[PDB]
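Structure first, then comments.
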Amino acid sequence: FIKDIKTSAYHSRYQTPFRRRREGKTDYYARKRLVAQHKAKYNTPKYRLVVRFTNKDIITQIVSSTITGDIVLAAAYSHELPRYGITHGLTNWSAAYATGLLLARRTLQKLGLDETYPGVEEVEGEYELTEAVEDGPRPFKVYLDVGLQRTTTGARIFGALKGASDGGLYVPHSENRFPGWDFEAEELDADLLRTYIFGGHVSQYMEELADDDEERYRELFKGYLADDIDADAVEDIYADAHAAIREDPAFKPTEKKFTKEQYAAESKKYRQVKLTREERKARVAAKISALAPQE
Amino acid sequence: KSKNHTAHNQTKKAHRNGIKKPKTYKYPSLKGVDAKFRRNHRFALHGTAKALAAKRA
Amino acid sequence: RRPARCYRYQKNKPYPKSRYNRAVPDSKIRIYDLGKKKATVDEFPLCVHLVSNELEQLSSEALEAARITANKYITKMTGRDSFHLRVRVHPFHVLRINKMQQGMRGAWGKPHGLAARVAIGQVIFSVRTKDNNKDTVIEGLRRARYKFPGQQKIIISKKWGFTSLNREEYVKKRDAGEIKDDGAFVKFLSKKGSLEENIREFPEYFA
Amino acid sequence: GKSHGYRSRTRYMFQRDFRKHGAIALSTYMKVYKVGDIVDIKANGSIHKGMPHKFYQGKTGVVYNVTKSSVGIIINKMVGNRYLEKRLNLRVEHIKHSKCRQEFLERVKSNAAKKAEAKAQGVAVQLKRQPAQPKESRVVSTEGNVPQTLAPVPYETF
Amino acid sequence: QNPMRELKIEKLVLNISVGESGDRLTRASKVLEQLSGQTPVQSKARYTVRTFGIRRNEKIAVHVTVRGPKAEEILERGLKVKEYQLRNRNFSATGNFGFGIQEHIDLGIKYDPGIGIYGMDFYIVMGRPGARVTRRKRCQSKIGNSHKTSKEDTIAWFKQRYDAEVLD
RNA sequence: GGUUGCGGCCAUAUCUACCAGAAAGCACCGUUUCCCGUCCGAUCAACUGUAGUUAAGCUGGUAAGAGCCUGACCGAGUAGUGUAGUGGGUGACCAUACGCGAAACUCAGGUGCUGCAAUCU
């Protein structure tokens, strides 16, 4: 006895769950729903807003889905945000709202919907879906992929939503999972939403740690005391960024440094190679001969 | 007592007719087709009729 | 007990004991291996088969009494440790019977007894042995023919024991190191599988 | 009592597959069935709604209608002595595009070019298909290939 | 080599199974709520046993999960009761362990004759960092062989700190 | 080439055991004021990218590996079978004629490929 359950039998019979599923990557149960468009619409694509918070980054893509393999329309990474001002905190709520807001403005420039559909310029943190203009083109419609991330009332994913929404996209959404929503009353405290858009929730935690515990205030926020950026200037940083995005978000790529071919040649040093059928037989033959005289 | 079922002769019988195909037609019955589509396909046809009158001028 | 001529041919679908049939008597032949069944492969080179030439069912009842003759004859002549009869046929198939007032209204049968369906050329009995013994085996199997119906015909194999290897192939493989004797039956060293697993066993090979 | 319920005798017909249970690969739902498209029908246990009746498994129709999750498919089923057109309403997941029409459409596109190339060059065409002909005559070499004298073998045991 | 395989206490659990459902239960609940500080959770049965004397979905056995600093302190209170002397058993092959005591009167507190006396199944789970790996939603995975908390290594970890013994 | 995001086919991608991983990225990883969720900030939430580390994940490589696939005048043109006989055979079944034609088995080879977007000595 022990149990014994990985016989040839088991493996032979066992079904591999897709791969994305196997790399705990995505919910195909929800992909089914999210991607499949009305067949009576035919080839029209269903754009879906991928939002992914990695450990220490945000990735936001607007994606179409094909048989071929889902194609990207536009991509806004948070690590592209220091060109607009934001050095510090690129996984915030605010950072999301930046990446989100920027997405809209990436896409809308590459769809010719710049002037019409400016999005929410003023930003009171008021709940407003981008209403269509009469006798004109409609707004680009994207459905949010949270994905295998959780949606919990007031998570960053909805930042990047509200950005994109308020950046000019129509993204069908509701209020509640924005912060400052009363759990015990169907309402929004629009003041509490402004704060999260402008890192106000961060500038409060700045302010508390200034008086109380200067141990962690020097540990955390090393970026802020190095640049000499104190609590109450955070609003203006995000504020100026938003406008900076609205101006010129058309995506510059990196300077590269070294060609693709140089890169490959450098990585190809480290990757180990396989072996010919003869080279394995050589190892086996060597292993066999190691045990004929015993040692 | 009496015998219950069969399909003996039953194909032979069917091929005295011929087994005549559906026949098929250009313009099949749009009856049954999605009513949303249908509605607009009427206006479509209303549109194209008017245009062929305009081309004859 | 119905005469075997009734059920002799392989007519109905294989109808075994299952979660539909459930009810059935036991077999008669509840024991298959005879003589020196513990013997080593090298001891009994010479297989003599008893092979069908007929697509007949065999009642368990016969199979026991066929087995008991080749038992009782070979043991008489050359002794118990002389040979190894293996019956290679298992009464799985169940025979029904329409026992009887109703006439033939509702005439599906209750289970009568088991039978072992047997195709043409299918082995039934097989007696491994020393080549010296041969005739005293055969001549037992020739008696066990009389218990069975129809036709069958005893055949001295060109295979080692029950081992699927031929007489020559086995001797080539054994006097090398590719063969190791297990309990019942010979296991073969492959040229396949994890080598560590393959080295521990078969130390006679590789040297 | 006898029984002929909607999924009668399907035991194996809807039995999902082997090592292909569970979620359906997403290309299925992508494929665009325009009206007129020709489609075969494999049921897909999993997808219980809009499942085709066990008849049409295998059968191969035309799309007469498309909608939200589904196509209509007219399959002309024989019945007695006269094929009644039958309009299904199947979800995509029970359909596959008909490869038979795909091959044909290609062969038209080739038959465009074989005619266009030929009439430009010098008319002569021949551009139907033709059934594999009787093999024409040839020389076959014995050089490096001397013919083996076979014989039927004697009957050994096994 | 050994830097991040640091081997600390992931959670300490205090189960108090009882065979009924009422006062005895709620007292034993309060006990843990005063011991661990956290509001404990009342588990329910799977099926009616009769012999032991429980009906299904009756709820009585109370447990609490504790992690981090407080677990480390409670552990040290418990092992005082065993005398820093466990067994070769009382140690999962999975590198986890426990030790059951009788009477919660031990490890400080009081007798408290009104509330009653109750044993407490201590069980502790040793997990190295990168145990989130498994429990995280996006991109689950099994932990590697080298990082599996073993019986042999946990015992040595337990011999090292808490000046404890293996006995058998 | 490496990595990330979303992917397509869904093991040539699974699994088991052992090694290697520069850069970036990934990750583990630190913190509980806020939105948030738990019996428990483990999970989830948020904050920092700061204190740390490639240990684990992840990737790659090794194995006369399990599995998986692919192929073969490997088994087998067998088994089966559509049609033919006033062919055989007491029959059971079988042999032929024109046809189609398996599976185990045996050996050989392989062990993810690939799309879009971005990024990296």
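Simple scheme: letters A, B, ... for chains in structure tokens order, numbers from 1 for residues in each chain, numbers from 1 for ligands in the order shown.
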
Residue D:35 environment, 9 Å, only C-alpha atoms (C1' of nucleotides), sequence neighbours closer than 6 positions dropped, as a ChimeraX atom specification:
/D:62-66,71-72

How about saving the chosen residues, N, CA, C and O atoms kept, as a CSV table (one decimal), in the first residue's frame?
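Result went into result26.csv, see below:
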```csv
chain,number,residue,atom,x,y,z
D,62,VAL,N,-27.8,24.2,-45.4
D,62,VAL,CA,-27.5,25.6,-45.7
D,62,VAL,C,-28.1,26.5,-44.7
D,62,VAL,O,-29.1,26.2,-44.1
D,63,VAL,N,-27.4,27.6,-44.5
D,63,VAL,CA,-27.8,28.6,-43.5
D,63,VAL,C,-28.8,29.5,-44.2
D,63,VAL,O,-28.5,30.0,-45.3
D,64,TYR,N,-30.0,29.6,-43.6
D,64,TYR,CA,-31.1,30.4,-44.2
D,64,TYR,C,-31.3,31.7,-43.4
D,64,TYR,O,-32.1,32.5,-43.8
D,65,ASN,N,-30.6,31.8,-42.3
D,65,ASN,CA,-30.9,32.8,-41.3
D,65,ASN,C,-29.7,32.7,-40.3
D,65,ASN,O,-29.2,31.7,-40.1
D,66,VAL,N,-29.4,33.9,-39.8
D,66,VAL,CA,-28.4,33.9,-38.7
D,66,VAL,C,-29.1,34.7,-37.6
D,66,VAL,O,-29.9,35.6,-37.9
D,71,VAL,N,-27.6,29.9,-36.0
D,71,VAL,CA,-28.0,29.9,-37.4
D,71,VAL,C,-29.2,29.1,-37.5
D,71,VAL,O,-29.5,28.2,-36.7
D,72,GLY,N,-29.9,29.4,-38.6
D,72,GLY,CA,-30.9,28.5,-39.1
D,72,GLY,C,-30.2,27.7,-40.2
D,72,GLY,O,-29.3,28.2,-40.8
```

Give me, as CSV, the closest atom pair and its distance (Å, one decimal) for every residue of stretch 13-49 of chain C within a cut-off of 8 Å of stretch 108-115 of chain C, counting only C-alpha atoms, rows sorted by chain and rising number.
```
residue,atom,partner,partner_atom,distance
C:23,CA,C:111,CA,7.4
C:24,CA,C:111,CA,5.7
C:25,CA,C:113,CA,6.4
C:26,CA,C:114,CA,7.8
C:27,CA,C:114,CA,6.2
```

Output for the residues just chosen: C-alpha atoms as a compact mmCIF listing (two decimals), in the first residue's frame:
```txt
# COMPACT_ATOMS: atom_id res chain seq x y z
CA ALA C 23 -28.34 -14.23 -10.69
CA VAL C 24 -26.31 -17.22 -11.96
CA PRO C 25 -24.88 -20.50 -10.67
CA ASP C 26 -21.17 -21.02 -10.07
CA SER C 27 -18.88 -22.66 -12.60
```

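Within 9 Å of chain D, and counting only C-alpha atoms, chain A contributes residues 13, 14, 15, 16, 17, 18, 28, 29, 31, 32, 35, 36, 37, 38, 39, 40, 41, 42, 43, 65, 66, 67 and 68 of chain A.
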
Can you write just those residues out, N, CA, C and O atoms, as a short mmCIF file (atom, residue, chain, number, x, y, z; two decimals), in the first residue's frame?
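Final output, saved to out38.cif:
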```cif
data_model
loop_
_atom_site.label_atom_id
_atom_site.label_comp_id
_atom_site.auth_asym_id
_atom_site.auth_seq_id
_atom_site.Cartn_x
_atom_site.Cartn_y
_atom_site.Cartn_z
N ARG A 13 -4.99 8.57 -20.15
CA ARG A 13 -6.38 8.89 -20.10
C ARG A 13 -6.63 10.37 -19.84
O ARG A 13 -7.68 10.89 -20.19
N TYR A 14 -5.65 11.05 -19.25
CA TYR A 14 -5.84 12.39 -18.66
C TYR A 14 -5.85 13.47 -19.69
O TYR A 14 -5.04 13.47 -20.61
N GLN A 15 -6.73 14.43 -19.46
CA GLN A 15 -6.95 15.52 -20.38
C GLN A 15 -6.29 16.79 -19.89
O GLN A 15 -6.53 17.26 -18.78
N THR A 16 -5.47 17.37 -20.76
CA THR A 16 -4.80 18.60 -20.46
C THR A 16 -5.79 19.71 -20.57
O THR A 16 -6.44 19.85 -21.60
N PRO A 17 -5.90 20.52 -19.53
CA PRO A 17 -6.74 21.69 -19.60
C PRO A 17 -5.97 22.72 -20.37
O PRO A 17 -4.74 22.76 -20.28
N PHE A 18 -6.70 23.53 -21.10
CA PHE A 18 -6.18 24.17 -22.31
C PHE A 18 -4.67 24.46 -22.30
O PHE A 18 -3.87 23.62 -22.70
N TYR A 28 -11.68 30.96 -19.56
CA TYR A 28 -12.28 30.66 -20.84
C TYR A 28 -13.78 30.57 -20.75
O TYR A 28 -14.47 30.72 -21.75
N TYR A 29 -14.28 30.30 -19.56
CA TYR A 29 -15.70 30.37 -19.29
C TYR A 29 -16.27 31.76 -19.56
O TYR A 29 -17.41 31.90 -20.01
N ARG A 31 -14.37 34.11 -21.38
CA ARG A 31 -13.99 34.41 -22.75
C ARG A 31 -15.12 34.08 -23.74
O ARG A 31 -15.46 34.90 -24.59
N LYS A 32 -15.67 32.88 -23.61
CA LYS A 32 -16.89 32.46 -24.31
C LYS A 32 -17.90 33.58 -24.42
O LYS A 32 -18.40 33.88 -25.50
N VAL A 35 -16.30 37.45 -25.78
CA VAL A 35 -15.76 37.57 -27.12
C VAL A 35 -16.78 37.33 -28.22
O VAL A 35 -16.81 38.06 -29.21
N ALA A 36 -17.59 36.29 -28.05
CA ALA A 36 -18.52 35.87 -29.09
C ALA A 36 -19.59 36.93 -29.34
O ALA A 36 -20.45 37.19 -28.49
N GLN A 37 -19.51 37.55 -30.52
CA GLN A 37 -20.46 38.59 -30.94
C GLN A 37 -21.66 37.97 -31.63
O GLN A 37 -21.63 36.80 -32.02
N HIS A 38 -22.73 38.77 -31.73
CA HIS A 38 -23.90 38.42 -32.54
C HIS A 38 -23.46 38.01 -33.90
O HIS A 38 -22.76 38.77 -34.58
N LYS A 39 -23.85 36.82 -34.31
CA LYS A 39 -23.49 36.29 -35.61
C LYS A 39 -24.16 37.09 -36.71
O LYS A 39 -23.62 37.23 -37.80
N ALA A 40 -25.33 37.65 -36.40
CA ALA A 40 -26.02 38.58 -37.28
C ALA A 40 -25.31 39.93 -37.43
O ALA A 40 -25.79 40.78 -38.19
N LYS A 41 -24.23 40.16 -36.69
CA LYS A 41 -23.31 41.27 -36.96
C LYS A 41 -22.13 40.84 -37.83
O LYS A 41 -21.54 41.67 -38.51
N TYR A 42 -21.80 39.55 -37.80
CA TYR A 42 -20.84 38.92 -38.72
C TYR A 42 -19.40 39.27 -38.36
O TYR A 42 -18.97 39.03 -37.23
N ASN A 43 -18.65 39.86 -39.29
CA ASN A 43 -17.23 40.08 -39.08
C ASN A 43 -16.88 41.26 -38.16
O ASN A 43 -15.70 41.43 -37.84
N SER A 65 -10.63 40.12 -30.96
CA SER A 65 -10.47 38.69 -30.94
C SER A 65 -10.72 38.11 -32.32
O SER A 65 -11.73 38.41 -32.95
N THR A 66 -9.77 37.32 -32.80
CA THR A 66 -9.92 36.59 -34.05
C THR A 66 -9.61 35.12 -33.82
O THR A 66 -9.11 34.72 -32.76
N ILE A 67 -9.93 34.32 -34.83
CA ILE A 67 -9.57 32.90 -34.87
C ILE A 67 -8.05 32.84 -34.86
O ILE A 67 -7.45 32.04 -34.15
N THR A 68 -7.46 33.71 -35.67
CA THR A 68 -6.02 33.82 -35.83
C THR A 68 -5.26 33.88 -34.51
O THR A 68 -4.24 33.21 -34.36
#
```

Residues within 9 Å of residue E:57, only C-alpha atoms (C1' of nucleotides), excluding chain neighbours under 3 positions, as an mmCIF file with C-alpha atoms, in the first residue's frame:
```cif
data_model
loop_
_atom_site.group_PDB
_atom_site.id
_atom_site.type_symbol
_atom_site.label_atom_id
_atom_site.label_comp_id
_atom_site.auth_asym_id
_atom_site.auth_seq_id
_atom_site.Cartn_x
_atom_site.Cartn_y
_atom_site.Cartn_z
ATOM 1 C CA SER E 43 -17.687 24.248 11.742
ATOM 2 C CA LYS E 44 -20.450 21.739 11.017
ATOM 3 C CA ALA E 45 -20.554 17.996 10.458
ATOM 4 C CA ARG E 46 -20.723 16.107 7.151
ATOM 5 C CA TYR E 47 -22.910 13.185 8.286
ATOM 6 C CA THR E 48 -24.772 11.764 11.296
#
```

All helix (DSSP H, G or I) positions in chain B, as JSON, numbers by chain
{"B": [10, 11, 12, 13, 14, 15, 16, 17, 35, 36, 37, 38, 39, 40, 41, 42, 43, 44, 45, 46, 47, 48, 49, 50, 51, 52, 53, 54, 55]}

With only C-alpha atoms counted and 12 Å as the cut-off, give the residues of chain A in contact with chain C, each with its shortest interatomic distance in Å and the pair that gives it, as CSV.
```
residue,atom,partner,partner_atom,distance
A:281,CA,C:191,CA,11.4
A:283,CA,C:195,CA,11.3
A:284,CA,C:195,CA,8.2
A:285,CA,C:206,CA,10.6
A:286,CA,C:195,CA,11.7
A:287,CA,C:195,CA,8.4
A:288,CA,C:206,CA,6.8
A:289,CA,C:206,CA,7.8
A:290,CA,C:206,CA,9.6
A:291,CA,C:206,CA,7.2
A:292,CA,C:207,CA,5.0
A:293,CA,C:207,CA,7.5
A:294,CA,C:207,CA,9.3
```

Report, in Å with one decimal, the straight-line distance from atom CA of residue B:19 to atom CA of residue D:88.
21.9 Å

Can you check which residues of chain A have any atom within 12 Å of chain E? Use only C-alpha atoms and format it as a ChimeraX atom specification.
/A:19-27,52-55,146-150
